[PDB]
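Engineer: Pasting a structure below so you can have a look.
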Amino acid sequence: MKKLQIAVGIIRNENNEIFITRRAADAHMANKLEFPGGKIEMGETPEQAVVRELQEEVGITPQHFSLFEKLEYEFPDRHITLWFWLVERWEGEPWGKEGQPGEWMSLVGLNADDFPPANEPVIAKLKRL
């Protein structure tokens, strides 16, 4: 029964590829991916937090960005909150997670198919991404 809030940031440039995250060398059946993230307790707002996590993570420069749509979840007795701010383009290796590598996937518009069930509120929008 505690409040948990993370802070992730996805990147997308080159042509239409994102720096997402997938099963490095594990997973059981089918492929599964998710969104980066780390923590949102060092910022005071939904921007000060990531905005500063911009250079305080990987250190890109022309990583223009904006807010797409943050979702909200709730467990049988817990509180799962997360944010979804997609960027547009940068010059350098982007950041996001820490124990997760991540990779530049080039498809067209990620959908809920490759996105494991649990992020329907935002993935639904990324469907036409």
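Each chain of the structure tokens is named A, B, ... in the order shown, its residues numbered from 1; ligands are numbered from 1 in display order.
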List the neighbours of residue A:92 out to 8 Å using only C-alpha atoms; skip same-chain residues closer than 5 positions along the sequence, and give me the result as a list in words.
Structural biologist: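 So the residues in contact are residues 59, 60 and 61 of chain A.
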Engineer: Write the residues of the selection above to a file with N, CA and C atoms, as an mmCIF file, in the first residue's frame.
Structural biologist:
data_model
loop_
_atom_site.group_PDB
_atom_site.id
_atom_site.type_symbol
_atom_site.label_atom_id
_atom_site.label_comp_id
_atom_site.auth_asym_id
_atom_site.auth_seq_id
_atom_site.Cartn_x
_atom_site.Cartn_y
_atom_site.Cartn_z
ATOM 1 N N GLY A 59 23.338 11.801 -21.566
ATOM 2 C CA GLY A 59 24.033 13.051 -21.956
ATOM 3 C C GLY A 59 23.860 13.345 -23.449
ATOM 4 N N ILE A 60 22.649 13.379 -23.932
ATOM 5 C CA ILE A 60 22.444 13.715 -25.374
ATOM 6 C C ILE A 60 22.274 15.234 -25.464
ATOM 7 N N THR A 61 22.322 15.805 -26.634
ATOM 8 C CA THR A 61 22.184 17.288 -26.713
ATOM 9 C C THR A 61 20.951 17.692 -27.545
#
Engineer: Identify, on the basis of only C-alpha atoms, every residue whose closest approach to residue A:86 does not exceed 8 Å; exclude the query and any residue fewer than 5 positions from it along the same chain; express the result as a list in words.
Structural biologist: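 Using only C-alpha atoms, the neighbours found are residues 9, 10, 11, 12, 65, 66, 67 and 68 of chain A.
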Engineer: Take the residues from that selection and put them in a file with N, CA, C and O atoms, as a CSV table (one decimal), in the first residue's frame.
Structural biologist:
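Printed below is again_20.csv as written:
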chain,number,residue,atom,x,y,z
A,9,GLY,N,11.8,7.4,-20.4
A,9,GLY,CA,11.9,8.3,-21.5
A,9,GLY,C,12.3,7.5,-22.7
A,9,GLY,O,13.3,6.8,-22.8
A,10,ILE,N,11.5,7.5,-23.7
A,10,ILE,CA,11.8,6.7,-24.9
A,10,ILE,C,12.4,7.6,-26.0
A,10,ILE,O,12.1,8.8,-26.0
A,11,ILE,N,13.2,7.0,-26.9
A,11,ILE,CA,13.8,7.9,-27.9
A,11,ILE,C,13.3,7.4,-29.3
A,11,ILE,O,13.1,6.2,-29.5
A,12,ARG,N,13.3,8.2,-30.3
A,12,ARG,CA,12.9,7.8,-31.6
A,12,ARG,C,13.5,8.7,-32.7
A,12,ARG,O,13.1,9.9,-32.8
A,65,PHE,N,12.4,17.0,-27.2
A,65,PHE,CA,11.4,16.1,-26.6
A,65,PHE,C,10.1,16.8,-26.3
A,65,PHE,O,10.0,18.0,-26.3
A,66,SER,N,9.1,16.1,-25.9
A,66,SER,CA,7.8,16.7,-25.5
A,66,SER,C,7.0,15.6,-24.7
A,66,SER,O,7.5,14.5,-24.5
A,67,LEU,N,5.8,15.9,-24.3
A,67,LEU,CA,5.1,14.9,-23.5
A,67,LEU,C,4.0,14.3,-24.4
A,67,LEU,O,3.2,15.0,-24.9
A,68,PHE,N,4.0,13.0,-24.5
A,68,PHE,CA,3.0,12.3,-25.3
A,68,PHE,C,1.7,12.1,-24.4
A,68,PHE,O,0.7,12.7,-24.6
Engineer: Please list as a VMD selection string every residue within 12 Å of residue A:118, counting only C-alpha atoms and excluding residues in the same chain fewer than 3 positions away.
Structural biologist: chain A and resid 32 to 35 71 to 75 80 to 82 112 to 115 121 to 124
Engineer: For residue A:97, which residue out of A:8, A:49, A:40, A:129 is the nearest one, using only C-alpha atoms?
Structural biologist: A:8
Engineer: With a distance cut-off of 12 Å and only C-alpha atoms, select the neighbouring residues of residue A:93, excluding the residue or stretch itself and same-chain residues fewer than 4 positions from it, and output the selection as a compact mmCIF listing (two decimals) with N, CA, C and O atoms, in the first residue's frame.
Structural biologist:
# COMPACT_ATOMS: atom_id res chain seq x y z
N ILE A 10 11.45 7.48 -23.75
CA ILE A 10 11.76 6.68 -24.95
C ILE A 10 12.36 7.58 -26.01
O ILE A 10 12.09 8.77 -26.05
N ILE A 11 13.16 7.05 -26.88
CA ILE A 11 13.76 7.91 -27.93
C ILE A 11 13.35 7.37 -29.30
O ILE A 11 13.07 6.20 -29.46
N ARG A 12 13.30 8.23 -30.27
CA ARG A 12 12.91 7.78 -31.64
C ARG A 12 13.49 8.74 -32.68
O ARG A 12 13.11 9.89 -32.75
N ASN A 13 14.39 8.28 -33.50
CA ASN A 13 14.98 9.17 -34.54
C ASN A 13 15.57 8.34 -35.67
O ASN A 13 15.23 7.19 -35.84
N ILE A 18 13.19 3.28 -32.45
CA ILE A 18 13.17 3.76 -31.04
C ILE A 18 14.25 3.05 -30.23
O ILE A 18 14.64 1.95 -30.53
N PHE A 19 14.69 3.66 -29.17
CA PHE A 19 15.69 3.00 -28.29
C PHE A 19 14.89 2.27 -27.22
O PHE A 19 14.82 2.68 -26.08
N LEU A 54 17.85 14.08 -18.37
CA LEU A 54 18.35 14.09 -19.77
C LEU A 54 19.87 13.98 -19.75
O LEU A 54 20.44 13.01 -20.21
N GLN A 55 20.53 14.96 -19.20
CA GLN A 55 22.01 14.92 -19.14
C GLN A 55 22.45 14.07 -17.95
O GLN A 55 23.53 13.51 -17.93
N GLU A 57 21.86 11.22 -17.23
CA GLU A 57 21.62 9.78 -17.53
C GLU A 57 22.55 9.34 -18.65
O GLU A 57 23.45 8.55 -18.45
N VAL A 58 22.35 9.84 -19.84
CA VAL A 58 23.22 9.46 -20.98
C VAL A 58 24.01 10.69 -21.42
O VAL A 58 25.21 10.65 -21.60
N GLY A 59 23.34 11.80 -21.57
CA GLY A 59 24.03 13.05 -21.96
C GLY A 59 23.86 13.35 -23.45
O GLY A 59 24.82 13.59 -24.15
N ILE A 60 22.65 13.38 -23.93
CA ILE A 60 22.44 13.71 -25.37
C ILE A 60 22.27 15.23 -25.46
O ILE A 60 22.12 15.90 -24.46
N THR A 61 22.32 15.80 -26.63
CA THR A 61 22.18 17.29 -26.71
C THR A 61 20.95 17.69 -27.54
O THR A 61 20.03 18.28 -27.00
N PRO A 62 20.94 17.39 -28.83
CA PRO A 62 19.80 17.75 -29.70
C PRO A 62 18.63 16.78 -29.49
O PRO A 62 17.92 16.47 -30.42
N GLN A 63 18.44 16.29 -28.29
CA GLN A 63 17.34 15.33 -28.01
C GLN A 63 16.05 16.10 -27.79
O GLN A 63 15.48 16.10 -26.72
N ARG A 89 14.17 13.62 -31.62
CA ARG A 89 15.50 13.34 -32.25
C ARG A 89 16.63 13.83 -31.36
O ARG A 89 16.48 14.78 -30.63
N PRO A 101 19.65 -3.02 -21.22
CA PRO A 101 20.40 -2.49 -22.37
C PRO A 101 19.50 -1.64 -23.27
O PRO A 101 19.61 -0.44 -23.33
N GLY A 102 18.62 -2.29 -23.96
CA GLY A 102 17.69 -1.56 -24.87
C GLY A 102 18.27 -1.59 -26.29
O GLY A 102 19.42 -1.92 -26.47
N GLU A 103 17.50 -1.25 -27.29
CA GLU A 103 18.08 -1.29 -28.66
C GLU A 103 17.28 -0.42 -29.63
O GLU A 103 16.13 -0.10 -29.39
N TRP A 104 17.89 -0.04 -30.72
CA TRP A 104 17.19 0.81 -31.73
C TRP A 104 16.37 -0.09 -32.66
O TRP A 104 16.87 -0.61 -33.63
Engineer: One decimal, in Å: what's the spacing between atom CA of residue A:25 and atom CA of residue A:119?
Structural biologist: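 We find that atom CA of residue A:25 and atom CA of residue A:119 lie 22.9 Å from each other.
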Engineer: Which one of A:76, A:38, A:117, A:109 sits closest to residue A:56 if you count only C-alpha atoms?
Structural biologist: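 The shortest atom-to-atom distance to residue A:56 comes from A:38.
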Engineer: I need the residues in chain A that are strand (DSSP E) according to DSSP; give them as a PyMOL selection string.
Structural biologist: chain A and resi 3-5+9-10+12-13+17-22+33-34+64-65+79-81+85-89+103-106
Engineer: My list of candidates is A:105, A:42, A:50, A:7. Which is closest to residue A:21 when distances are computed with only C-alpha atoms?
Structural biologist: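 That would be A:105, the residue with the smallest distance to residue A:21.
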Engineer: For residue A:87, which residue out of A:27, A:107, A:70, A:64 is the nearest one, using only C-alpha atoms?
Structural biologist: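 Of the candidates, the smallest distance to residue A:87 is held by A:64.
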Engineer: So which bits of chain A end up alpha helix (DSSP H) when you DSSP the backbone, as a PyMOL selection string?
Structural biologist: chain A and resi 48-55+120-126
